[PDB]
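A.B. asks: Below you'll find the structure I mean.
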Amino acid sequence: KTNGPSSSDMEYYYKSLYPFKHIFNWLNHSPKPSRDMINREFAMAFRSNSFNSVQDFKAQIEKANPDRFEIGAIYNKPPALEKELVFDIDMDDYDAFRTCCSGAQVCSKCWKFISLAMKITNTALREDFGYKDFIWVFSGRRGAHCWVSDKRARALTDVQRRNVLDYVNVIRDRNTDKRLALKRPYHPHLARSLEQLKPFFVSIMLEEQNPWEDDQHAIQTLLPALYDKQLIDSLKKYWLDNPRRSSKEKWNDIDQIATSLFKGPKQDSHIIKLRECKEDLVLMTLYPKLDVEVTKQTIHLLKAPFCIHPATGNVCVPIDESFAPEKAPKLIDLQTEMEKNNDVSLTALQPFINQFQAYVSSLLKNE
Amino acid sequence: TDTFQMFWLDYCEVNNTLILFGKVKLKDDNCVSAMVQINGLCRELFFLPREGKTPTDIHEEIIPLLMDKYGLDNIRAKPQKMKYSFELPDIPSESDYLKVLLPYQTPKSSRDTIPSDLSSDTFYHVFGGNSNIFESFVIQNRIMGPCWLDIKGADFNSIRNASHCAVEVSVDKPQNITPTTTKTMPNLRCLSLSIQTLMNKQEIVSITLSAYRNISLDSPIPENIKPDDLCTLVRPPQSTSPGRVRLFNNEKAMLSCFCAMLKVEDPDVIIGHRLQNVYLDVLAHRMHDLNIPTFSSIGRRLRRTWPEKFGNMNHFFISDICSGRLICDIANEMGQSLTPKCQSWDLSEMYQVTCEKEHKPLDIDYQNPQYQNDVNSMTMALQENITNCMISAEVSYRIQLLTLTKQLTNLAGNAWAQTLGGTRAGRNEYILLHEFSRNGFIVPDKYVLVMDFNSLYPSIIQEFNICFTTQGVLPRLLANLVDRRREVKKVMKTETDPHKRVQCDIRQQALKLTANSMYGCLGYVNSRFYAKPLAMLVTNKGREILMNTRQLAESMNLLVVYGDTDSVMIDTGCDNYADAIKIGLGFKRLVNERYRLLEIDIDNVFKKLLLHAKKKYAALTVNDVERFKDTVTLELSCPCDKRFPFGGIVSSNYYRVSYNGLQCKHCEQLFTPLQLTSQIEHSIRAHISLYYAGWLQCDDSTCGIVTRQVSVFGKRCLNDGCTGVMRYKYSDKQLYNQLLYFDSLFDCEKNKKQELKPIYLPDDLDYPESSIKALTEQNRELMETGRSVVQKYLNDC
Amino acid sequence: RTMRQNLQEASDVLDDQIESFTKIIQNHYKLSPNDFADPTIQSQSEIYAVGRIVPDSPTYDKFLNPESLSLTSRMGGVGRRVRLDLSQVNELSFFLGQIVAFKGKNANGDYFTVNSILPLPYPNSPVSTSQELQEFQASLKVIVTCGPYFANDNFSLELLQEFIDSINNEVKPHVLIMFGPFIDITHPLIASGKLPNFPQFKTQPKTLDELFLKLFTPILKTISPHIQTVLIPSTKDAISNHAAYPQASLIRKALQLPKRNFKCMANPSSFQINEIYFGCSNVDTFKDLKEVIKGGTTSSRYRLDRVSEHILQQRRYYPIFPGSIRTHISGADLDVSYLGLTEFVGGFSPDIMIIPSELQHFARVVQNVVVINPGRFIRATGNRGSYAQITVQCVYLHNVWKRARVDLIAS
Amino acid sequence: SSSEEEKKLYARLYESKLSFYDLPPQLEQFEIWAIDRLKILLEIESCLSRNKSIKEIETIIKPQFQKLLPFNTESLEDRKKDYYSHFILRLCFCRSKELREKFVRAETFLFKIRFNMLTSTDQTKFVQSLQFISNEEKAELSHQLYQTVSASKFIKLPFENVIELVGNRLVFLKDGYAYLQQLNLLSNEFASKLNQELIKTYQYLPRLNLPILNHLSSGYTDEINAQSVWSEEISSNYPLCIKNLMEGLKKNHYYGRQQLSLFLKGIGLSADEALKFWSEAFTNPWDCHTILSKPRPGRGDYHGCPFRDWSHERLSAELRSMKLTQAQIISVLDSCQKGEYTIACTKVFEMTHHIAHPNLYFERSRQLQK
Ligand code: SF4
């Protein structure tokens with residue numbers, strides 16, 4: 001049991017490592033302290049608020065020594081008017097489709113679910129909403145938080161936030177024991193998302209995760225995606241007679257058995273319907289599975305970038321295209337680097353601070 | 001070591017202060033009487049904010065207005081969240097109130113109370129307006145009956161010649177007084193009084209005083225305890241001419257000496273038989289009649305004059321004048337409740353029942369002339385008085401009237417005097433007042449075996465969690481009482497010392513009586529906590545249990561001889577004490593198995609029972625229709641000219657619908673379709689024309705005019721000043737109904753189902769299925785063509 | 001529109017008649033509204049007042065006189081009615097429903113004394129441009145008939161056939177205007193249902209609508225296609241299903257009459273034939289208008305002149321209200337809510353006004369308007385009735401009265 | 001103002017049959033016109049609270065417009081009545097935030113109904129009194145526009161103006177723009193403007209300082225026993241009318257009180273228990289022929305017969321909850337369509353276990369368990 005960071009490790013982290021100036025400049029939307037910071041809510045979670053300057057923010061967090069803090073709305077008075085539009089994505093809703101990790105483990109293989117979720121959400125935020133100023137942040141374990149800082153995104157009402165969420169949240173029913181039966185024809189966003197996800201389905205789902213090699217798991221999550229009972233009963237019999245066929249073999253058996261069953265002038269309707277079921281299953285397995293609550297209301301609190309995760313010791317760092325959870329620096333490793341070189345600029349944290357600074361510099365230019 | 005300590009016994013109200021009477025210990029370990037005057041007491045008022053308003057809003061309105069009326073410089077007030085759970089419908093379960101402390105002593109209008117229904121735009125109710133001062137003190141300071149009181153800041157020089165007490169002090173604020181935990185109490189000075197009267201007005205002939213100066217309730221009182229002093233006073237009943245006997249020439253002299261003796265004796269308790277509502281009244285009125293100046297020594301406050309209205313209020317005056325001395329009456333309601341084996345509660349009877357001693361009462365009549373010259377008669381009469389006096393005392397001690405009432409008072413938190421001289425209601429009231437107030441609630445403003453089922457209701461309230469708030473307050477209170485009673489009975493089984501054991505038995509009894517009286521709180525109609533829905537709820541469950549208790553008895557092959565909510569009598573079917581008791585216990589166990597909180601017991605064992613009623617027995621004890629109602633008929637004329645109403649394919653003496661059409665019965669000629677339809681159409685048009693004539697009629701039955709004149713205010717009647725409403729006399733509803741009726745005549749489905757309106761009443765001189773079906777189909781074409789002529793105008797409407 | 005009668009709406013219409021005349025009087029005589037006051041209450045001062053002539057009791061005797069009449073709008077006098085004192089006025093003609101304007105005084109509270117009658121002004125006449133009149137130029141004959149067309153004791157249209165032959169081959173008019181009733185619902189054989197078998201019809205009619213198609217249509221069809229023929233109904237027409245005045249036009253297709261030369265018009269209707277404006281109405285105002293009259297000069301005039309002037313002044317073809325009743329059998333059958341449609345279209349007086357009556361046929365010029373009653377085409381007994389022939393010589397006032405000759409011809 | 005200048009002002013303010021009520025109008029009329037508009041707005045709110053479709057609401061309000069507030073007339077007086085009633089209600093509803101929000105909601109819905117009742121020509125004239133895309137931009141986006149619209153010229157607008165169409169994926173989205181909905185844009189602008197004008201009206205209201213404004217603002221505002229009648233054991237025996245009345249009484253705390261009071265008397269609720277029942281329920285016998293004869297229930301009423309008074313949609317949902325099959329529901333609805341309400345009710349009795357009295361329905365239901 002790798003114990004999480006001690007209280008003294010958190011004191012050291014806030015004293016010497018946490019990028020208070022960059023987080024303040026991000027949330028203040030200006031080089032000069034403003035009401036975007038003075039009237040911003042912070043919540044502190046302890047092992048058992050609002051700030052006027054970088055110095056006040058640092059001194060209050062150092063004095064309080066919280067295990068984390070969470071960023072809220074800008075208010076009309078010092079602690080809702082504005083807040084960054086936020087999305088949260090965790091691995092939990094992908095647990096039924098991964099074999100490389102169990103329970104609360106993560107690796108570069110299942111991280112591809114989060115990478116695809118970020119890619120599809122980014123496509124919608126950029127191309128459909130016209131947003132420019134967003135950043136992804138590692139949740140410190142097995143998820144990622146998006147922060148959309150465009151002025152138009154900050155000023156969204158709860159009704160508009162709900163409409164943005166309902167546009168991106170295609171998979172509303174997360175139950176894998178049932179066919180999604182998505183609306184046809186697909187909305188342009190959903191059609192585009194399918195074409196972006198299709199190239200990854202064979203390599204991730206059929207080969208790297210191979211979740212349906214297990215015949216009970218194939219009965220529980222592959223068969224319920226099909227529309228036809230005679231096809232389901234025929235596949236179930238065929239896999240009972242021929243156990244432990246790979247996900248790739250079972251994927252082809254679906255088409256072979258369907259072609260044997262559906263003959264004559266109605267066959268084309270069954271072929272179209274089977275293709276639609278396979279497409280709905282590509283989306284069920286790989287499409288973004290957002291936490292819906294954090295996005296809906298302007299007042300929702302979300303964990304600050306660069307917080308420490310209390311169980312893993314990982315820093316909640318900004319994400320680039322190369323990111324995997326094993327690249328997130330741990331507080332204990334950063335302390336060991338600081339013992340050799342008593343300067344944060346010489347630690348594994350500095351590249352992530354530089355990435356975040358470049359983002360904040362772009363945002364302030366757009367503002 | 002720096003505080004004045006007093007054991008309080010009684011109280012009285014005067015000039016918006018509260019006086020407590022009690023005992024103080026002196027340096028020689030002896031205890032004397034004392035009084036404490038308490039100033040600074042306030043009424044606790046709670047103002048209930050209006051929808052949208054706050055307590056601060058209330059503070060702004062009434063506080064300044066209250067300063068004016070009462071003439072106060074400042075009034076302590078503050079917001080406070082309080083719970084409400086009683087019978088006023090418009091008050092919420094919980095709210096923020098403005099708690100205002102209004103002193104009882106105010107410079108102005110101190111006798112004027114704030115009504116609960118005070119008009120205001122910030123609040124719509126006010127609790128605590130009519131608070132009683134004793135109640136306020138006891139509830140605010142958590143005083144639970146007679147106990148030791150630590151009193152700080154006692155002023156020993158303020159009070160002058162106010163009482164008949166040895167020690168007089170005062171305090172500026174009630175918070176200076178707190179109760180201590182000390183369980184022991186000082187000895188009490190008891191004085192037994194026996195009075196012999198004479199009917200002239202009831203006049204007093206003699207008085208016997210027996211003093212017991214060291215009655216300790218901390219240990220059992222020894223049987224046949226002898227008085228430290230015994231004295232008898234007497235005046236001559238007609239003319240002017242053991243222990244001490246004192247003779248006086250008249251009644252005024254006698255009563256004067258009596259009062260003087262009372263003052264010097266300074267008893268804490270006055271014991272007697274039927275004092276409360278017989279002899280104390282006679283004593284009071286005679287002292288009044290004879291203008292005895294020292295009359296106040298019957299109590300402990302000094303007055304030179306009687307109340308103005310003295311001469312129902314008489315009860316209060318006397319009780320008030322006696323304040324300071326507890327009235328221990330063995331034959332009042334409380335006394336009777338401890339002696340249920342009595343029937344008359346006559347002195348000799350009580351003596352027999354409680355002490356198993358016989359005294360044959362002499363009927364003394366001082367009207368008889370023999371008492372003026374016969375010295376032996378006078379002496380025997382005085383002996384009777386002396387005997388009665390000492391009997392009354394002995395009985396009061398044997399039935400443990402003081403200890404039991406004290407324990408009951410400590411449990412309910414009321415006044416000892418109220419327990420001794422009141423009904424159950426008082427105890428029931430205060431036990432709840434203390435309970436609720438302490439948990440942030442606002443209280444309302446002021447062989448046959450006899451099986452005991454007294455615990456029925458308190459077990460129901462506890463089992464089914466019945467409360468004003470619903471575990472609720474009342475059930476929790478009962479549970480605690482039952483639990484503590486068990487704790488006591490557990491300690492008894494082990495206790496060896498007879499003193500402590502007897503004490504436990506008293507404690508145990510008091511706890512039982514308290515619990516078994518709780519129902520009165522919500523059941524008694526005139527109770528401060530009366531709640532009919534709760535009473536009914538508890539009563540109904542009580543019936544069920546009793547009804548089922550019967551079935552249970554029968555399941556053991558027992559017979560219920562009699563029963564009610566207090567007791568159930570069962571025929572055991574045995575002729576042996578042992579067998580009877582076993583059956584009795586078996587039934588006891590059975591009842592408890594079905595009702596875990598109901599523990600009944602065997603109260604009476606009847607070897608034989610001659611029964612007539614509960615307390616009357618001898619025994620050996622062991623120890624379309626409406627739519628067309630006003631339409632008019634379609635009248636056809638025969639192309640022979642006879643006229644007749646046409647009612648469809650129905651019977652008629654004038655016409656027949658035959659297989660080849662409508663036929664006239666007078667001349668046998670058949671109508672052609674045009675001969676029928678031209679007439680249908682002609683009638684329709686006559687109706688439509690009448691309708692367009694536009695006659696109007698007035699509503700008002702005393703006017704009724706019909707006219708075609710229409711005022712430029714259409715509905716207005718043209719009769720000077722008539723207020724009726726004008727309506728088209730042929731309404732468009734009536735026209736439409738008339739046409740729908742015509743339509744029905746030529747409707748095949750309606751003809752076949754025989755649903756048309758009759759053309760003739762039974763008494764009409766022209767009163768007239770398978771034929772109708774057939775004839776209707778044979779004439780379908782005629783019908784439909786007749787019908788189309790009506791429809792020409794129905795679609796156009 | 002359906003058969004609804006709504007009292008509020010009827011009263012609205014009656015109110016509006018008083019108010020619109022109040023504005024016509026004020027513009028014509030150039031008076032200010034402050035000169036008008038409530039005649040139902042006492043004043044010291046003479047006032048102008050406008051109102052409707054009504055009886056002085058709502059349950060009144062059949063026969064009225066100058067001592068038994070009353071006169072306000074809702075704004076004028078809260079709709080109150082006040083008895084008229086006409087003793088200071090020597091010459092007058094009033095009728096029930098007439099809108100009138102007075103100068104007078106209510107001296108004591110219970111009567112309004114009329115000092116003078118302000119006559120309502122005659123409506124303007126239509127005009128035409130020189131271009132329009134030249135097109136019309138590039139004599140006009142109009143024939144007018146009015147039902148009944150068959151007698152009371154038979155179903156002969158022999159006289160109508162004779163007439164049709166005459167107009168087709170001799171008279172050759174440009175337009176023929178025919179007023180109902182065609183099949184009169186109060187014809188006594190129709191009323192009693194004494195309708196015979198017709199041997200000249202292969203299939204007998206089953207309804208009065210079918211009786212029209214078999215009896216009238218084939219004869220009407222023989223009118224020359226060169227003669228435009230206009231049909232205007234009566235509220236007594238069995239063939240109409242709208243038995244109130246104003247009355248919707250008949251439906252030509254339903255009557256199976258040819259489009260080539262038949263037009264069905266409303267009752268009333270107004271139209272032009274070339275420049276000439278016709279106003280046609282088929283309720284018998286001339287029979288029904290019962291004047292209350294004072295004065296030798298008024299009484300020595302011809303009744304038909306006085307009645308025509310009342311109609312022109314009132315600017316509506318049947319100004320009597322309540323409308324007359326035939327006692328129930330028939331009547332004016334006014335649909336009060338739609339009296340609006342019976343007002344002179346555009347506020348214009350017609351050049352020719354045709355209002356058939358059961359009185360003797362007549363043609364008269366009154367206030368430069370040609371007023372024509374053609375009389376009934378056939379008499380009840382079966383004797384010849386009459387019809388009217390109008391011959392008219394071929395911005396500008398039409399002066400039809402100067403150019404028109406009207407003959408009343410035995411049919 | 002001479003009556004002619006006033007007429008010219010109203011001719012200019014009403015070139016369209018619809019108005020945003022931008023300019024102020026230049027006692028019996030004041031009160032009647034306010035009451036007549038207020039009745040229409042309360043009927044709108046009553047229909048909205050009952051989740052009626054826009055087309056059902058349009059059908060109910062159409063006869064009320066002809067009676068109380070004629071729209072689409074050339075009458076100057078009807079146009080005046082519409083203006084003045086709107087501005088008079090601004091004075092009534094400006095006083096509290098809740099009154100403003102209710103008025104803006106009802107008035108914006110009234111605007112939507114009236115706009116839908118206009119001709120396409122009158123709608124276009126009103127809009128003239130929303131940029132279309134070029135044919136090139138349409139050609140570039142043609143595939144994505146067609147895919148979006150297939151299930152259902154293009155207008156390009158910020159997506160924030162069509163959030164309701166975005167949530168349903170009825171509009172195409174690119175770069176923060178929606179490719180379309182004009183009525184929703186106009187309704188939001190109307191609602192925003194009206195809310196701003198109500199705030200301004202409230203700021204000036206102290207200078208106007210009343211009985212009519214106060215009144216109009218306020219116009220918007222035993223086995224069988226008092227407890228057992230609310231229990232499933234007893235209530236499972238009630239017919240639908242008694243169910244309706246009940247659910248109401250519970251939700252909201254004359255005709256309905258009489259129908260329910262007399263029914264409860266008929267089932268054996270004593271006088272004393274009935275007074276407890278009503279006192280407790282106010283927290284803040286007729287046969288079917290008689291019930292049906294009473295004035296029809298309106299918004300806020302629960303008397304009458306649900307088989308006549310409820311839509312087939314509402315009845316079907318209720319009958320589905322009662323476990324009735326589709327064939328059974330069709331049979332009940334067929335009776336309703338025929339006006340045979342007691343037959344429909346008898347069918348429900350039989351299918352859930354001729355009756356023409358609610359007390360007989362209850363008694364028969366109880367007899368089946370005894
Ligand atoms: S038919 Fe009668 S009992 Fe049934 S719901 Fe209707 S009114 Fe009630």
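Following the order of the structure tokens, chains are lettered A, B, ..., residues in each are numbered from 1, and ligands are numbered from 1.
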Would you kindly return, as a list in words, each protein, DNA or RNA residue with an atom no farther than 10 Å from any atom of residue 216 (chain D), considering only C-alpha atoms and excluding same-chain residues fewer than 6 positions away?

C.D. replies: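 The filter keeps residues 31, 34, 35, 38, 88, 89, 91, 92, 93 and 210 of chain D.
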
A.B. asks: Given the selection you just returned, output its residues as a file containing C-alpha atoms, formatted as an mmCIF file, in the first residue's frame.

C.D. replies:
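After the write, part.cif holds the following:
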data_model
loop_
_atom_site.group_PDB
_atom_site.id
_atom_site.type_symbol
_atom_site.label_atom_id
_atom_site.label_comp_id
_atom_site.auth_asym_id
_atom_site.auth_seq_id
_atom_site.Cartn_x
_atom_site.Cartn_y
_atom_site.Cartn_z
ATOM 1 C CA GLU D 31 -60.611 47.594 -15.905
ATOM 2 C CA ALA D 34 -57.202 44.460 -18.343
ATOM 3 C CA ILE D 35 -59.584 41.698 -17.069
ATOM 4 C CA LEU D 38 -55.849 38.643 -17.978
ATOM 5 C CA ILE D 88 -52.315 48.088 -17.972
ATOM 6 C CA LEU D 89 -51.070 44.563 -17.131
ATOM 7 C CA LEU D 91 -48.606 48.226 -14.218
ATOM 8 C CA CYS D 92 -50.179 45.208 -12.405
ATOM 9 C CA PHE D 93 -47.333 42.655 -12.824
ATOM 10 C CA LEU D 210 -54.370 51.540 -7.146
#

A.B. asks: Compute the chain A side of the contact with chain D at 7 Å, counting only C-alpha atoms, and hand it back as a ChimeraX atom specification.

C.D. replies: /A:126-130,160,163,166-167,185,187-188

A.B. asks: Restricting it to C-alpha atoms, dump the selection as a compact mmCIF listing (two decimals), in the first residue's frame.

C.D. replies:
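In the end it all went to part-v5.txt:
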# COMPACT_ATOMS: atom_id res chain seq x y z
CA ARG A 126 -13.52 23.51 -32.20
CA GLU A 127 -15.59 22.79 -35.34
CA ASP A 128 -19.21 23.05 -34.06
CA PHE A 129 -18.93 25.59 -31.17
CA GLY A 130 -15.94 27.62 -32.52
CA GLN A 160 -26.92 26.82 -22.70
CA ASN A 163 -27.60 22.25 -24.53
CA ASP A 166 -26.76 17.28 -24.63
CA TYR A 167 -25.07 17.87 -28.05
CA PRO A 185 -30.04 9.17 -40.02
CA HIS A 187 -26.70 13.82 -36.84
CA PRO A 188 -23.57 15.24 -38.68

A.B. asks: Which residues are near residue 254 (chain C)? Cut-off 10 Å, only C-alpha atoms, ignore same chain within fewer than 4 positions. Put them as a list in words.

C.D. replies: residues 209, 213, 239 and 250 of chain C

A.B. asks: Determine, counting only C-alpha atoms, which protein, DNA and RNA residues have an atom within 10 Å of an atom of residue 344 (chain A); residues of the same chain fewer than 6 positions away are not included. Present the result as a PDB file with N, CA, C and O atoms, in the first residue's frame.

C.D. replies:
ATOM      1  N   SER A  16       6.804  25.315  -2.574  1.00  0.00           N
ATOM      2  CA  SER A  16       7.940  25.330  -3.503  1.00  0.00           C
ATOM      3  C   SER A  16       7.605  24.968  -4.951  1.00  0.00           C
ATOM      4  O   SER A  16       8.368  25.333  -5.838  1.00  0.00           O
ATOM      5  N   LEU A  17       6.498  24.266  -5.214  1.00  0.00           N
ATOM      6  CA  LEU A  17       6.251  23.632  -6.517  1.00  0.00           C
ATOM      7  C   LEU A  17       4.973  24.122  -7.213  1.00  0.00           C
ATOM      8  O   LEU A  17       4.975  24.298  -8.431  1.00  0.00           O
ATOM      9  N   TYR A  18       3.878  24.354  -6.478  1.00  0.00           N
ATOM     10  CA  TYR A  18       2.592  24.688  -7.098  1.00  0.00           C
ATOM     11  C   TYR A  18       2.652  26.025  -7.885  1.00  0.00           C
ATOM     12  O   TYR A  18       3.034  27.060  -7.322  1.00  0.00           O
ATOM     13  N   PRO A  19       2.219  26.068  -9.161  1.00  0.00           N
ATOM     14  CA  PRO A  19       2.378  27.233 -10.035  1.00  0.00           C
ATOM     15  C   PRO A  19       1.316  28.331  -9.798  1.00  0.00           C
ATOM     16  O   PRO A  19       0.586  28.721 -10.716  1.00  0.00           O
ATOM     17  N   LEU A 334       9.229  14.365  -7.446  1.00  0.00           N
ATOM     18  CA  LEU A 334       9.544  15.798  -7.506  1.00  0.00           C
ATOM     19  C   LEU A 334      10.318  16.273  -6.264  1.00  0.00           C
ATOM     20  O   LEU A 334      11.251  17.056  -6.397  1.00  0.00           O
ATOM     21  N   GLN A 335       9.963  15.809  -5.059  1.00  0.00           N
ATOM     22  CA  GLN A 335      10.723  16.105  -3.838  1.00  0.00           C
ATOM     23  C   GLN A 335      12.159  15.567  -3.937  1.00  0.00           C
ATOM     24  O   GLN A 335      13.101  16.294  -3.636  1.00  0.00           O
ATOM     25  N   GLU A 337      13.851  15.049  -6.762  1.00  0.00           N
ATOM     26  CA  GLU A 337      14.507  15.943  -7.723  1.00  0.00           C
ATOM     27  C   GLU A 337      14.919  17.269  -7.068  1.00  0.00           C
ATOM     28  O   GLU A 337      16.046  17.729  -7.272  1.00  0.00           O
ATOM     29  N   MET A 338      14.049  17.840  -6.229  1.00  0.00           N
ATOM     30  CA  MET A 338      14.305  19.095  -5.520  1.00  0.00           C
ATOM     31  C   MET A 338      15.428  19.000  -4.481  1.00  0.00           C
ATOM     32  O   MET A 338      16.141  19.976  -4.255  1.00  0.00           O
ATOM     33  N   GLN A 350       8.379  21.056 -14.622  1.00  0.00           N
ATOM     34  CA  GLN A 350       8.576  22.282 -15.400  1.00  0.00           C
ATOM     35  C   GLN A 350       8.016  22.219 -16.836  1.00  0.00           C
ATOM     36  O   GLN A 350       7.391  23.199 -17.254  1.00  0.00           O
ATOM     37  N   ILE A 353       4.350  22.994 -16.507  1.00  0.00           N
ATOM     38  CA  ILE A 353       4.194  24.429 -16.199  1.00  0.00           C
ATOM     39  C   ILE A 353       4.384  25.270 -17.469  1.00  0.00           C
ATOM     40  O   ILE A 353       3.579  26.165 -17.724  1.00  0.00           O
TER      41      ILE A 353
END

A.B. asks: Mind listing the residues within 7 Å of ligand 1, only C-alpha atoms and all ligand atoms counted, as number ranges by chain?

C.D. replies: D: 239-242, 287-288, 291-292, 304-307, 341-342, 344-345, 356-358, 361

A.B. asks: Create the file for the chosen residues now, containing C-alpha atoms and written as an mmCIF file, in the first residue's frame.

C.D. replies:
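Here's the written file part.cif:
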data_model
loop_
_atom_site.group_PDB
_atom_site.id
_atom_site.type_symbol
_atom_site.label_atom_id
_atom_site.label_comp_id
_atom_site.auth_asym_id
_atom_site.auth_seq_id
_atom_site.Cartn_x
_atom_site.Cartn_y
_atom_site.Cartn_z
ATOM 1 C CA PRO D 239 -63.975 5.768 -9.824
ATOM 2 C CA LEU D 240 -61.810 8.106 -11.913
ATOM 3 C CA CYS D 241 -63.747 11.319 -11.041
ATOM 4 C CA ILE D 242 -63.196 10.757 -7.308
ATOM 5 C CA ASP D 287 -75.136 10.477 -9.894
ATOM 6 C CA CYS D 288 -73.168 10.671 -13.182
ATOM 7 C CA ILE D 291 -72.125 15.418 -12.305
ATOM 8 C CA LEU D 292 -72.152 15.740 -16.122
ATOM 9 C CA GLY D 304 -66.908 16.555 -13.769
ATOM 10 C CA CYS D 305 -66.161 13.254 -15.468
ATOM 11 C CA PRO D 306 -62.627 12.424 -16.707
ATOM 12 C CA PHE D 307 -64.071 10.211 -19.494
ATOM 13 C CA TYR D 341 -69.125 8.132 -20.449
ATOM 14 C CA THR D 342 -70.888 5.798 -17.994
ATOM 15 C CA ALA D 344 -66.599 3.800 -20.559
ATOM 16 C CA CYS D 345 -66.537 3.971 -16.734
ATOM 17 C CA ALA D 356 -74.010 5.381 -13.537
ATOM 18 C CA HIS D 357 -73.319 6.639 -10.026
ATOM 19 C CA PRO D 358 -69.879 7.053 -8.358
ATOM 20 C CA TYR D 361 -69.049 2.101 -8.445
#

A.B. asks: Within 12 Å of chain D, which residues of chain B show up when using only C-alpha atoms, listed as a ChimeraX atom specification?

C.D. replies: /B:51,87-92,532-533,536-537,540,626

A.B. asks: Counting only C-alpha atoms, which residues of chain B come no farther than 7 Å from chain C, as a PyMOL selection string?

C.D. replies: chain B and resi 637+639+673-679+682+686+689-690+692-693+707-715+718+732+792-793+796-797

A.B. asks: Output as number ranges by chain all residues of region 188-314 of chain B that backbone DSSP marks as strand (DSSP E).

C.D. replies: B: 188-199, 202-215, 229-234, 244-247, 269-272

A.B. asks: Give me the residues within 12 Å of residue 20 (chain A) as an mmCIF file with C-alpha atoms, in the first residue's frame, counting only C-alpha atoms and dropping any in the same chain fewer than 5 places off.

C.D. replies:
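Dumped everything to around34.cif:
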data_model
loop_
_atom_site.group_PDB
_atom_site.id
_atom_site.type_symbol
_atom_site.label_atom_id
_atom_site.label_comp_id
_atom_site.auth_asym_id
_atom_site.auth_seq_id
_atom_site.Cartn_x
_atom_site.Cartn_y
_atom_site.Cartn_z
ATOM 1 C CA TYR A 13 4.359 21.137 -2.587
ATOM 2 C CA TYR A 14 2.407 24.382 -2.002
ATOM 3 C CA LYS A 15 5.539 26.151 -0.667
ATOM 4 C CA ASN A 25 -3.235 34.633 -14.334
ATOM 5 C CA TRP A 26 -5.410 31.958 -16.034
ATOM 6 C CA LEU A 27 -8.457 32.482 -13.752
ATOM 7 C CA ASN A 28 -8.072 36.304 -13.585
ATOM 8 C CA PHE A 51 -8.358 35.501 -3.138
ATOM 9 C CA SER A 53 -3.715 38.468 -5.420
ATOM 10 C CA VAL A 54 -1.111 35.767 -6.236
ATOM 11 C CA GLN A 55 0.372 36.431 -2.750
ATOM 12 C CA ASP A 56 -3.026 36.123 -0.964
ATOM 13 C CA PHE A 57 -3.886 32.939 -2.934
ATOM 14 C CA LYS A 58 -0.484 31.345 -2.109
ATOM 15 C CA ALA A 59 -0.501 32.373 1.589
ATOM 16 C CA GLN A 60 -4.079 31.100 2.207
ATOM 17 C CA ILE A 61 -3.455 27.711 0.476
ATOM 18 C CA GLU A 62 -0.087 27.254 2.313
ATOM 19 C CA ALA A 304 -7.886 22.736 -9.842
ATOM 20 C CA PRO A 305 -5.088 21.928 -12.343
ATOM 21 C CA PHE A 306 -1.824 20.940 -10.576
ATOM 22 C CA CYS A 307 -3.656 19.568 -7.466
ATOM 23 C CA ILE A 353 4.194 24.429 -16.199
ATOM 24 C CA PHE A 356 0.206 25.670 -19.104
ATOM 25 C CA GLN A 357 2.001 29.060 -19.356
#
